[PDB]
2 protein chains.
Amino acid sequence: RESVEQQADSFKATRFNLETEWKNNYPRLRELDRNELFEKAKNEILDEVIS
Amino acid sequence: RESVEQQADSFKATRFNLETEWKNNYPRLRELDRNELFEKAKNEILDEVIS
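Conventions and cut-offs
Residues numbered from 1 in each chain as written, not as in the entry; some residues may be left out. Chains lettered and ligands numbered in written order. Part of a larger assembly, values for the part shown. Heavy atoms only, no water. Contact = heavy atoms within 4.5 Å. Buried area = accessible area lost by both parts, 1.4 Å probe. Salt bridge = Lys/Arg side-chain N within 4 Å of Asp/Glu carboxyl O. Nonpolar A, V, L, I, M, F, W, Y, C, P; charged D, E, K, R; others polar. Least-squares fit on C-alpha atoms.

For this deposited structure, the header cites cryo-EM as the method used and 4.8 Å as the resolution.

This is the structure in structure tokens:
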């Protein structure tokens, strides 16, 4: 119980730092996982094919 | 055997007519099924959220 409280606060702070870095570097972008990036990449490829 | 040959030619001609209609109406677009349209629609929604 004592350990998990400390870990939860540390994890929340760590996640906040990661989010702050994302905003500072990529404020106008959206975070996507590996699968979603693959879907976005293929759609762009199809657009270039049409263009 | 005789019937399937006639059907295959008719199906090919019918598909050609559908493709010709697609080009005449939507030359600069890509045909997608119901599922793919849902994926495209949600991505546009997320873009508007960011904008």
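Now that the structure has been shown, we can carry on.
Draft legend 1. Structural context of the interface of chain B and chain A. In this complex, chain B contributes 5 residues to the contact, which on the side of chain A involves 5 residues. Here chain B and chain A share an interface that buries about 530 Å² over both sides, 63% of which is from carbon and sulfur atoms. Sorting the residues of chain B by area buried against chain A places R30, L46 and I50 of chain B first, and these three jointly supply 78% of that buried surface. Remark: the boundary between chain B and chain A carries 0 salt bridges. Residues that form the side of chain B that touches chain A fall into these classes: 2 nonpolar, 1 polar and 2 charged.

Draft legend 2. Main features of the relation of the copies chain B and chain A. Its rotation angle being 180 degrees, the transformation that places chain B on chain A also includes 0.1 Å of axial translation and leaves an RMSD of 0.0 Å. On this basis, the relationship between the two copies can be described by a two-fold rotation axis. In this assembly the copies share their binding face: 100% of the residues contributing to the interface of chain B also contribute to that of chain A.

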